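Dumped model_36.txt below, it's compact mmCIF, C-alpha atoms:
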```
# COMPACT_ATOMS: atom_id res chain seq x y z
CA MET H 1 76.40 93.97 103.38
CA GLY H 2 74.95 97.61 103.12
CA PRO H 3 75.88 101.15 101.80
CA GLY H 4 78.49 101.67 104.60
CA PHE H 5 80.40 98.58 103.41
CA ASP H 6 79.76 99.67 99.76
CA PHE H 7 81.63 103.01 100.26
CA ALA H 8 84.38 101.25 102.33
CA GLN H 9 84.93 98.60 99.58
CA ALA H 10 85.08 101.36 96.89
CA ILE H 11 87.95 103.08 98.86
CA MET H 12 89.84 99.82 99.59
CA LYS H 13 89.70 98.61 95.94
CA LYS H 14 91.18 101.82 94.36
CA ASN H 15 92.86 103.81 97.19
CA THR H 16 94.90 101.38 99.31
CA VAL H 17 98.31 99.70 98.92
CA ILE H 18 100.16 97.32 101.24
CA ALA H 19 103.10 99.31 102.78
CA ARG H 20 106.03 97.42 104.37
CA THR H 21 108.65 99.17 106.58
CA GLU H 22 111.20 97.68 109.10
CA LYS H 23 108.30 97.91 111.66
CA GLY H 24 105.96 95.64 109.58
CA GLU H 25 103.09 95.56 107.05
CA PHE H 26 100.42 98.38 107.13
CA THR H 27 97.27 99.33 105.25
CA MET H 28 98.23 102.59 103.46
CA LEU H 29 95.62 105.01 102.12
CA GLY H 30 96.50 106.81 98.83
CA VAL H 31 94.84 110.28 98.83
CA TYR H 32 95.79 111.98 95.48
CA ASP H 33 98.64 111.93 92.89
CA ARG H 34 101.54 109.96 94.59
CA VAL H 35 100.59 111.20 98.14
CA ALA H 36 99.57 108.58 100.79
CA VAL H 37 99.21 108.39 104.60
CA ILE H 38 100.35 105.84 107.25
CA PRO H 39 100.67 105.86 111.06
CA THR H 40 103.84 107.71 112.19
CA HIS H 41 104.84 104.58 114.26
CA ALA H 42 105.48 102.76 110.88
CA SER H 43 108.85 104.77 110.92
CA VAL H 44 108.95 105.43 107.12
CA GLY H 45 112.54 105.75 105.77
CA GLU H 46 114.16 106.65 102.41
CA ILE H 47 112.89 103.31 100.89
CA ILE H 48 109.55 101.51 101.46
CA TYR H 49 107.93 98.43 99.87
CA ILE H 50 104.56 99.09 98.15
CA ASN H 51 102.67 95.90 97.16
CA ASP H 52 106.12 94.15 97.50
CA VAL H 53 107.92 96.57 95.05
CA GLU H 54 110.96 98.55 96.33
CA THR H 55 109.89 102.25 96.19
CA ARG H 56 111.88 105.45 96.90
CA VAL H 57 110.20 107.89 99.37
CA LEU H 58 110.36 111.36 97.72
CA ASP H 59 109.17 113.05 100.98
CA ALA H 60 107.78 112.05 104.40
CA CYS H 61 106.32 114.46 106.99
CA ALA H 62 105.17 113.43 110.51
CA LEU H 63 102.28 115.89 111.19
CA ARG H 64 102.00 117.78 114.54
CA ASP H 65 99.30 120.32 115.47
CA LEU H 66 100.08 124.02 116.18
CA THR H 67 100.39 123.15 119.98
CA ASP H 68 103.42 121.05 118.64
CA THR H 69 101.56 117.81 119.70
CA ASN H 70 101.84 114.48 117.78
CA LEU H 71 98.91 113.71 115.37
CA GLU H 72 100.29 110.16 114.55
CA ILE H 73 99.79 110.82 110.72
CA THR H 74 102.78 110.65 108.31
CA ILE H 75 102.16 112.06 104.80
CA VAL H 76 104.35 110.19 102.27
CA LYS H 77 105.11 111.10 98.62
CA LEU H 78 106.02 107.87 96.74
CA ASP H 79 108.29 107.50 93.65
CA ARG H 80 105.49 105.44 92.02
CA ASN H 81 104.70 105.31 88.24
CA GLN H 82 100.92 105.65 88.81
CA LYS H 83 98.66 108.25 90.53
CA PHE H 84 95.86 107.48 93.05
CA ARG H 85 92.24 108.40 92.34
CA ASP H 86 91.85 111.86 93.97
CA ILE H 87 89.61 111.28 97.07
CA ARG H 88 90.28 114.63 98.83
CA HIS H 89 86.57 115.64 98.39
CA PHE H 90 85.61 112.67 100.74
CA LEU H 91 87.72 114.15 103.65
CA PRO H 92 86.01 116.10 106.47
CA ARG H 93 86.85 119.77 106.89
CA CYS H 94 86.33 119.85 110.74
CA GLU H 95 86.83 117.68 113.86
CA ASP H 96 83.55 115.77 114.42
CA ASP H 97 81.82 112.71 115.85
CA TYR H 98 80.18 110.14 113.50
CA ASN H 99 77.69 107.26 113.49
CA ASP H 100 77.88 103.87 111.80
CA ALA H 101 81.60 103.72 110.79
CA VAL H 102 83.51 100.83 109.13
CA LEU H 103 87.20 100.05 109.71
CA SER H 104 88.70 98.33 106.60
CA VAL H 105 92.13 96.56 106.48
CA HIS H 106 94.02 94.87 103.64
CA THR H 107 97.38 93.13 104.42
CA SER H 108 98.90 89.65 103.61
CA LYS H 109 97.59 88.54 107.10
CA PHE H 110 94.13 90.30 106.90
CA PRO H 111 92.99 90.59 103.24
CA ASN H 112 89.52 92.05 102.46
CA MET H 113 88.74 92.66 106.20
CA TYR H 114 85.77 95.01 107.07
CA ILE H 115 84.62 95.73 110.69
CA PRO H 116 81.43 97.67 111.58
CA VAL H 117 82.81 99.63 114.60
CA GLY H 118 79.60 101.68 115.18
CA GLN H 119 79.59 105.15 116.79
CA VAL H 120 82.79 107.26 116.67
CA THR H 121 83.64 109.83 119.41
CA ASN H 122 85.80 112.93 118.93
CA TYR H 123 87.96 111.79 121.88
CA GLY H 124 90.74 114.39 121.41
CA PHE H 125 93.69 113.87 123.77
CA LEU H 126 95.18 110.36 124.14
CA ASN H 127 98.46 109.10 125.63
CA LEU H 128 99.22 106.71 122.75
CA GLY H 129 102.08 104.24 123.57
CA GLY H 130 103.45 107.00 125.90
CA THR H 131 103.14 109.86 123.34
CA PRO H 132 100.65 112.74 124.00
CA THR H 133 98.49 112.68 120.82
CA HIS H 134 95.63 115.02 119.64
CA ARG H 135 92.65 114.68 117.20
CA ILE H 136 91.91 111.04 118.24
CA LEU H 137 88.65 109.32 117.21
CA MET H 138 87.44 106.44 119.48
CA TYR H 139 85.22 103.38 118.71
CA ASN H 140 84.13 100.55 120.98
CA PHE H 141 85.62 97.53 119.17
CA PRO H 142 88.46 95.25 120.47
CA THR H 143 90.88 96.03 117.58
CA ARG H 144 94.04 93.81 117.31
CA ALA H 145 97.65 94.13 116.08
CA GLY H 146 97.68 94.09 112.24
CA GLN H 147 94.85 96.71 111.99
CA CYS H 148 97.22 99.80 112.11
CA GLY H 149 96.70 102.00 109.03
CA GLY H 150 93.14 100.60 108.58
CA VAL H 151 90.79 103.15 106.97
CA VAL H 152 87.82 104.50 108.95
CA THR H 153 84.90 105.55 106.72
CA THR H 154 81.21 106.51 106.94
CA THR H 155 79.00 106.61 103.77
CA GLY H 156 80.70 109.32 101.64
CA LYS H 157 83.44 110.31 104.19
CA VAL H 158 87.00 109.04 104.81
CA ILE H 159 87.44 110.16 108.47
CA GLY H 160 90.60 108.53 109.90
CA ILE H 161 93.31 105.86 110.02
CA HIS H 162 93.55 103.25 112.88
CA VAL H 163 96.61 103.95 115.16
CA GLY H 164 95.99 101.77 118.30
CA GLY H 165 93.66 100.20 120.88
CA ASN H 166 93.47 99.24 124.61
CA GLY H 167 91.82 95.78 124.05
CA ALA H 168 88.26 97.23 124.46
CA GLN H 169 88.40 100.46 122.38
CA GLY H 170 90.12 101.39 119.11
CA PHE H 171 91.67 104.75 118.21
CA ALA H 172 92.11 106.52 114.85
CA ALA H 173 93.97 109.71 113.87
CA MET H 174 91.59 112.19 112.14
CA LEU H 175 92.07 112.89 108.40
CA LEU H 176 91.17 116.55 107.59
CA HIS H 177 90.92 118.17 104.09
CA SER H 178 93.44 120.90 105.19
CA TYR H 179 96.25 118.22 105.53
CA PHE H 180 96.26 117.69 101.68
CA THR H 181 95.79 121.16 100.05
CA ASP H 182 98.37 121.62 97.14
```
When written as structure tokens, how does the structure in this file appear?
Amino acid sequence: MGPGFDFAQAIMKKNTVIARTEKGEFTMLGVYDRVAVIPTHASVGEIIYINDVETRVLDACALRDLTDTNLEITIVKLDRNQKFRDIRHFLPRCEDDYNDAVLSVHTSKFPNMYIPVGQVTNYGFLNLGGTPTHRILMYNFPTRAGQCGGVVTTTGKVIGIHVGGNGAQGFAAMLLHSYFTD
């Protein structure tokens, strides 16, 4: 509908795959080369399905901050025959709040889904399904099951991935440039 949705659609079309684990189907954001991200609660193993193709997992790392607190981000390196467009220059360097964000999902259940979630708060600490979690972004939209792994963007920034909700608010794990230096 506008330049927020334009940037979101550009990321979805080139930089997402459908990831299936034993815990279900997730939006997965490809960041560069064969490196992607997914919520840690997807419980990535030695094998994962990518767009319904059996794929070896070359490495998987559940990130934690230097307080040793969950960040709910798993960085995955896929045994895929094709690289992702490098989008690391669209990642924020620092924790921040944002205006006018879009949450975008693409699964078998929710294809081509885009949600204007509005203002995003640097919320910080959240008890997420019983796990103390840091670097949480919050938006005031009643997000539903099936949205986990959804990409949170503003015009020109990829800021987070959706990791849960309380029925009234939705929560994303921050993406920071420093996660993906090589």
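Coordinates place atom CA of residue H:71 at a distance of 20.2 Å from atom CA of residue H:24.
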Could you tell me how far atom CA of residue H:60 lies from atom CA of residue H:12, in Å and to one decimal?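 Interatomic distance, atom CA of residue H:60 to atom CA of residue H:12: 22.2 Å.
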Radius query 9 Å about (88.7, 99.7, 123.8), atoms used: all atoms listed in the file, as an MDAnalysis selection string: chainID H and resid 138:143 165:171
For residue H:135, which of H:163, H:36, H:76, H:44 is the closest residue, counting only C-alpha atoms?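 Answer, going by the shortest atom-to-atom distance: H:163.
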Centre and edges of the stretch 129-147 of chain H box, axis-aligned, 4 Å extra per side, as AutoDock Vina command-line options:
```
--center_x 93.8 --center_y 104.4 --center_z 118.9 --size_x 27.3 --size_y 29.2 --size_z 21.9
```
What lies within 6 Å of residue H:149 using only C-alpha atoms, ignoring chain neighbours under 2 positions off, as a count of residues only? 7
Find the residue from H:37, H:109, H:146, H:174 that sits nearest to residue H:121; use all atoms listed in the file when measuring.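 Among H:37, H:109, H:146, H:174, it is H:174 that comes nearest to residue H:121.
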What lies within 12 Å of residue H:179 using all atoms listed in the file, ignoring chain neighbours under 2 positions off, as a PyMOL selection string? chain H and resi 31-32+35-37+61-65+71+73-76+88+91-94+174-177+181-182
Those residues with C-alpha atoms, as a CSV table (one decimal), in the coordinates of the input please?
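And here's selection.csv as it stands now:
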```
chain,number,residue,atom,x,y,z
H,31,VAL,CA,94.8,110.3,98.8
H,32,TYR,CA,95.8,112.0,95.5
H,35,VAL,CA,100.6,111.2,98.1
H,36,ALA,CA,99.6,108.6,100.8
H,37,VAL,CA,99.2,108.4,104.6
H,61,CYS,CA,106.3,114.5,107.0
H,62,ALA,CA,105.2,113.4,110.5
H,63,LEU,CA,102.3,115.9,111.2
H,64,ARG,CA,102.0,117.8,114.5
H,65,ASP,CA,99.3,120.3,115.5
H,71,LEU,CA,98.9,113.7,115.4
H,73,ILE,CA,99.8,110.8,110.7
H,74,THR,CA,102.8,110.6,108.3
H,75,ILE,CA,102.2,112.1,104.8
H,76,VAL,CA,104.4,110.2,102.3
H,88,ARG,CA,90.3,114.6,98.8
H,91,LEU,CA,87.7,114.2,103.6
H,92,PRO,CA,86.0,116.1,106.5
H,93,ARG,CA,86.8,119.8,106.9
H,94,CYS,CA,86.3,119.8,110.7
H,174,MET,CA,91.6,112.2,112.1
H,175,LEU,CA,92.1,112.9,108.4
H,176,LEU,CA,91.2,116.6,107.6
H,177,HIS,CA,90.9,118.2,104.1
H,181,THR,CA,95.8,121.2,100.0
H,182,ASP,CA,98.4,121.6,97.1
```
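With distances taken over only C-alpha atoms, H:78 is the one residue among H:113, H:50, H:78, H:58 lying closest to residue H:34.
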If we count only C-alpha atoms, what is near residue H:101 at a cut-off of 7 Å, once residues fewer than 5 positions away on the same chain are taken out, given as a PyMOL selection string? chain H and resi 116-120+152-154
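Using only C-alpha atoms, the nearest neighbour of residue H:129 within the list H:41, H:83, H:13, H:23 is H:41.
Nearest residue to residue H:22 among H:47, H:8, H:1, H:115 is H:47, counting all atoms listed in the file.
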Between atom CA of residue H:3 and atom CA of residue H:136, measure the distance and give it in Å to one decimal. 25.0 Å
With only C-alpha atoms as the basis for distance, which of H:133, H:82, H:127, H:178 is at the shortest distance from residue H:14? H:82
Find the spatial neighbours of residue H:131, counting all atoms listed in the file, within a cut-off of 9 Å - ignore same-chain residues fewer than 3 positions away - and output them as number ranges by chain. H: 69-70, 126-128
Emit the selected residues as an mmCIF file, in the coordinates of the input, including C-alpha atoms.
```cif
data_model
loop_
_atom_site.group_PDB
_atom_site.id
_atom_site.type_symbol
_atom_site.label_atom_id
_atom_site.label_comp_id
_atom_site.auth_asym_id
_atom_site.auth_seq_id
_atom_site.Cartn_x
_atom_site.Cartn_y
_atom_site.Cartn_z
ATOM 1 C CA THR H 69 101.560 117.810 119.700
ATOM 2 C CA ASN H 70 101.840 114.480 117.780
ATOM 3 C CA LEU H 126 95.180 110.360 124.140
ATOM 4 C CA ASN H 127 98.460 109.100 125.630
ATOM 5 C CA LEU H 128 99.220 106.710 122.750
#
```
Kindly output stretch 141-155 of chain H as an mmCIF file, keeping the file's coordinate frame, after building N, CA, C and O atoms.
```
data_model
loop_
_atom_site.group_PDB
_atom_site.id
_atom_site.type_symbol
_atom_site.label_atom_id
_atom_site.label_comp_id
_atom_site.auth_asym_id
_atom_site.auth_seq_id
_atom_site.Cartn_x
_atom_site.Cartn_y
_atom_site.Cartn_z
ATOM 1 N N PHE H 141 85.371 98.866 119.743
ATOM 2 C CA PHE H 141 85.620 97.530 119.170
ATOM 3 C C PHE H 141 87.019 97.082 119.586
ATOM 4 O O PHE H 141 87.947 97.870 119.442
ATOM 5 N N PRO H 142 87.177 95.811 120.049
ATOM 6 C CA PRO H 142 88.460 95.250 120.470
ATOM 7 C C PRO H 142 89.399 94.963 119.293
ATOM 8 O O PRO H 142 89.628 93.806 118.915
ATOM 9 N N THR H 143 89.945 96.045 118.742
ATOM 10 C CA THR H 143 90.880 96.030 117.580
ATOM 11 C C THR H 143 92.205 95.360 118.005
ATOM 12 O O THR H 143 92.581 95.435 119.221
ATOM 13 N N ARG H 144 92.873 94.697 117.057
ATOM 14 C CA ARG H 144 94.040 93.810 117.310
ATOM 15 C C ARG H 144 95.218 94.328 116.497
ATOM 16 O O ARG H 144 95.004 95.166 115.569
ATOM 17 N N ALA H 145 96.420 93.888 116.865
ATOM 18 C CA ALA H 145 97.650 94.130 116.080
ATOM 19 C C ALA H 145 97.402 93.619 114.657
ATOM 20 O O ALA H 145 96.718 92.550 114.490
ATOM 21 N N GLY H 146 97.929 94.349 113.669
ATOM 22 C CA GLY H 146 97.680 94.090 112.240
ATOM 23 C C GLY H 146 96.644 95.033 111.631
ATOM 24 O O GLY H 146 96.572 95.100 110.366
ATOM 25 N N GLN H 147 95.879 95.749 112.469
ATOM 26 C CA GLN H 147 94.850 96.710 111.990
ATOM 27 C C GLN H 147 95.393 98.137 111.791
ATOM 28 O O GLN H 147 94.598 98.975 111.207
ATOM 29 N N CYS H 148 96.661 98.413 112.177
ATOM 30 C CA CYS H 148 97.220 99.800 112.110
ATOM 31 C C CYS H 148 97.309 100.219 110.645
ATOM 32 O O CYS H 148 97.826 99.445 109.796
ATOM 33 N N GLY H 149 96.788 101.429 110.373
ATOM 34 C CA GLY H 149 96.700 102.000 109.030
ATOM 35 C C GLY H 149 95.320 101.731 108.427
ATOM 36 O O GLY H 149 94.993 102.365 107.408
ATOM 37 N N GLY H 150 94.499 100.882 109.075
ATOM 38 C CA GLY H 150 93.140 100.600 108.580
ATOM 39 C C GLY H 150 92.383 101.895 108.358
ATOM 40 O O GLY H 150 92.674 102.865 109.031
ATOM 41 N N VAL H 151 91.505 101.921 107.376
ATOM 42 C CA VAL H 151 90.790 103.150 106.970
ATOM 43 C C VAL H 151 89.444 103.138 107.712
ATOM 44 O O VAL H 151 88.684 102.138 107.630
ATOM 45 N N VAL H 152 89.131 104.249 108.330
ATOM 46 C CA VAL H 152 87.820 104.500 108.950
ATOM 47 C C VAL H 152 86.976 105.373 108.026
ATOM 48 O O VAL H 152 87.396 106.468 107.678
ATOM 49 N N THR H 153 85.842 104.839 107.594
ATOM 50 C CA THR H 153 84.900 105.550 106.720
ATOM 51 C C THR H 153 83.478 105.594 107.341
ATOM 52 O O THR H 153 83.091 104.694 108.130
ATOM 53 N N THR H 154 82.696 106.552 106.893
ATOM 54 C CA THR H 154 81.210 106.510 106.940
ATOM 55 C C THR H 154 80.757 106.541 105.474
ATOM 56 O O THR H 154 81.620 106.782 104.584
ATOM 57 N N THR H 155 79.463 106.423 105.177
ATOM 58 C CA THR H 155 79.000 106.610 103.770
ATOM 59 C C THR H 155 79.467 108.007 103.316
ATOM 60 O O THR H 155 79.078 109.002 103.918
#
```
